[PDB]
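Basis for what follows: all heavy atoms, side chains included, without hydrogens, waters or symmetry-related copies. Quick note on labels: first sequence line is chain A, next is B, and so on, each numbered from 1.
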Amino acid sequence: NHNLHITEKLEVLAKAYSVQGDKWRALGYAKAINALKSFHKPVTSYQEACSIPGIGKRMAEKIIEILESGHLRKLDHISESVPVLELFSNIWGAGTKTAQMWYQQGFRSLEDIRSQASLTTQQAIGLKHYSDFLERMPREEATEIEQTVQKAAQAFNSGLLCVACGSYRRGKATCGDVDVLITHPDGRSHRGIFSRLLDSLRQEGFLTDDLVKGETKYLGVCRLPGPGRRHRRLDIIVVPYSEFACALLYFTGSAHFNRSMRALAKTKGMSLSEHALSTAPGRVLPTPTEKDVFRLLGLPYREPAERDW
DNA sequence: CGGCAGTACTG
DNA sequence: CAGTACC
DNA sequence: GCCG
Ligand SMILES: [Cl-]
Ligand SMILES: [Mg+2]
Ligand code: NA
Ligand code: NA
Ligand code: NA
């Protein structure tokens, strides 16, 4: 990254727009930050700034300002509210609208939130685990969590396949949470297992809090036994076997890689979701493998580690 | 001008 | 429904 | 914010 002196200050702007709710501008800043953290060179011209995909006139100009004096005028005019809004929206279950409302109501610290805010069930759990959920775990811990879920699943039906996705599958040394995808090659036995699986995992003390318990996805909180353990975010998603390849791809990510794939799909008159690759309500195309998705998009296969965009 | 993804939960 | 979350 |  020959441009960490540009990206460091752009990231302040990106975050300010993100937590203030301007999600599209925040998207544009993040793309430009990704582009600039990947070029071949330092950028030292406005005509070179425009050179790169994701950098336009206004973003060029901002490069051409750090160009000169080593800072961006715009940074000194970010609302004093941004760090508080960032604090509040780092509570799981609170996003930008809730953070702006708390701010408007005069809350300024997590002590204010604890003592005076009305919290949803999810947000009270997010607040209780505030620090823990900002921490990444070693991937060796994601492994133990995956194999905990697998053992409980395969106990009830040994045909069940369980796979940790997310940053774990992309090979990262640390993970923000664990995403366990479950399916069954028989095409039917995947259904209705959550009752049994989740109560099994509660039986250990392993599952400590539920955030979401739907018919096909569970989002919650777990903790391995013993000393020195922290609470970890855990998602479990159950999918029909015919959808396994698209689910693997979607839940392996990264989010920027998926977004680049949806856009490439759109150039070919197709659509790509966690459930399927389809034509324009079109037809679902058969994708038994991740490799088939790439092939039908006319792309060469990328292993999970080269999707970490 | 307007897309930049679609859906599953929660309440 | 609006809001939040998943990659 | 960028881009078509
Ligand atoms: Cl596959
Ligand atoms: Mg994850
Ligand atoms: Na949040
Ligand atoms: Na008060
Ligand atoms: Na997750």
Side-chain angles (χ1 to χ4, degrees), chain A residues 10 13-14 16-30 32-35 49-50 53-56 59-62 88-101 118-126 133 164-170 175-181 194 210-212 214 216-220 233-239 243 246-267 270-278 280-282 290 304 307-309:
Chain A
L10 294 181
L13 265 161
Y17 285 126
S18 192
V19 307
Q20 266 160 320
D22 193 341
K23 70 161 160 159
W24 298 124
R25 222 164 282 244
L27 181 53
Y29 272 85
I33 289 164
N34 278 1
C50 288
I55 308 204
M59 182 86 27
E61 288 165 1
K62 281 172 187 83
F88 293 164
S89 55
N90 278 338
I91 295 171
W92 199 103
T96 182
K97 298 289 191 166
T98 302
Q100 290 183 285
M101 191 198 76
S118 63
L119 300 175
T120 62
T121 305
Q122 292 169 347
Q123 289 154 4
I125 296 169
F133 294 176
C165 301
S167 55
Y168 179 76
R169 188 160 178 253
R170 301 197 305 275
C175 312
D177 72 357
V178 186
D179 309 289
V180 181
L181 180 64
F194 263 129
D210 304 335
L211 296 166
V212 171
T216 75
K217 76 205 212 148
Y218 169 85
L219 293 66
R233 278 278 295 105
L234 174 57
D235 298 353
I236 300 174
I237 294 151
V238 178
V239 312
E243 293 183 2
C246 285
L248 275 172
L249 184 76
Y250 178 77
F251 286 115
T252 298
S254 75
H256 279 284
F257 169 84
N258 290 340
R259 160 182 290 111
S260 148
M261 297 285 274
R262 290 185 304 263
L264 175 73
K266 191 189 195 178
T267 75
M270 290 175 282
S271 74
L272 173 66
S273 73
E274 70 190 74
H275 303 296
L277 174 71
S278 299
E290 281 182 318
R307 306 172 202 173
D308 181 33
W309 293 7

Classify the nucleic acid contact of [X] as base, sugar-phosphate or nothing, counting any heavy atom under 4.0 Å across all strands shown.
| X | result |
| --- | --- |
| A:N258 | base |
| A:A263 | nothing |
| A:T120 | nothing |
| A:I91 | sugar-phosphate |
| A:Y250 | base |

*With sequence neighbours excluded, tell me which residues meet side-chain contact (heavy atoms from CB on, under 4.5 Å) with A:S273.*
A:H275

_Residues forming a side-chain contact (heavy atoms from CB on, under 4.5 Å) with A:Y250, sequence neighbours excluded_ = A:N258, A:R262, A:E274

_A:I125 side, atom CD1; A:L219 side, atom CG - distance, nearest 0.5 Å_ = 11.5 Å

*Nearest-neighbour nucleotide for the A:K97 side chain, B:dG3, D:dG1, C:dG3 considered*: C:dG3

*Check A:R307 against A:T252 and note the closest heavy-atom contact, atom names and distance.*
NH1-CG2, 4.1 Å

*asked:* Is there a side-chain contact between A:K217 and the phosphate of B:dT7, meaning an N or O under 4.0 Å from OP1 or OP2?
replied: no

*Check the angle between the aromatic planes of A:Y17 and A:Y29 and answer parallel, tilted or perpendicular using the 30° and 60° thresholds.*
tilted

*Which ranges of DNA chain B pair up as stems, where a stem means three or more consecutive Watson-Crick or G-U pairs with both distances under 3.5 Å?*
B:1-4 with D:1-4, B:6-11 with C:1-6

